[PDB]
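Undergrad: Sequence first, structure after; it's an experimental one.
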Amino acid sequence: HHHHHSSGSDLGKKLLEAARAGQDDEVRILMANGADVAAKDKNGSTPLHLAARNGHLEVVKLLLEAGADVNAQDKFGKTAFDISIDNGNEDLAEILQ
Ligand SMILES: [Cl-]
Ligand SMILES: [Cl-]
């Protein structure tokens, strides 16, 4: 279907933003400081979803290594992989395979 991108308080909100923005160092620091990789925004998107929506491969790898649920589903029932398929980013899909 149509593409899903994301360029249009606590540590959770900051991690959601770092992931959405592809800022790996921010993501490392925030998770080290207890930011929850399971944090969710309004649309039920986790940091893994926002990184995926914007094609940030490095952030996706860091989140997965930190133990993020690769199969978490947003409010639409989509996983990061589904997002990569909808957006047509095969580089990302291969990483979430
Ligand atoms: Cl660097
Ligand atoms: Cl990245």
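TA: Structure received. Numbers count the residues shown, from 1 in each chain. Ligands and ions are numbered 1, 2, ... in the order given.
Undergrad: List phi and psi for the residue positioned nearest the centre of the chain.
TA: Nearest to the mean C-alpha position of the chain, by C-alpha atoms, centre = their mean, lies residue 48 at 2.0 Å. Main-chain dihedrals, residue 48, degrees, to the nearest 10: phi -60, psi -40.
Undergrad: so it touches residue 37, yeah?
TA: Yes - at 7.3 Å, residue 48 counts as touching residue 37 under the criterion of C-beta atoms under 8 Å. Using the backbone N, CA and C atoms, a C-beta is placed for each residue, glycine as well.
Undergrad: Need the overlap of contacts for the two.
TA: Listed as contacting both residue 48 and residue 37 by C-beta atoms under 8 Å, 6 or more residues apart in numbering are 63, 68-69.
Undergrad: re earlier: wait, what's in contact with the residue nearest to the centre of the chain?
TA: 19, 37, 60, 63-64, 68-70, 72, 80.
Undergrad: now those as TSV including secondary structure, distance to residue 97 and neighbour count?
TA: Converted to TSV, those look like this (DSSP: H, G, I helix; E, B strand; the rest coil; distance: C-beta to C-beta, whole Å; neighbours: other C-beta atoms under 10 Å):
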residue	secondary structure	distance to residue 97	neighbour count
19	helix	20	34
37	coil	20	21
60	helix	12	25
63	helix	16	26
64	helix	12	17
68	coil	16	23
69	coil	16	14
70	coil	10	15
72	coil	16	18
80	helix	11	30
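Undergrad: Relative to ligand 2, which of those is nearest.
TA: For those, the minimum distance to ligand 2 (C-beta to the ion) is 7.2 Å, reached by residue 60.
Undergrad: How about the closest one: what's its closest non-neighbour residue?
TA: residue 51 (4.9 Å; C-beta to C-beta, 6 or more residues apart in numbering).
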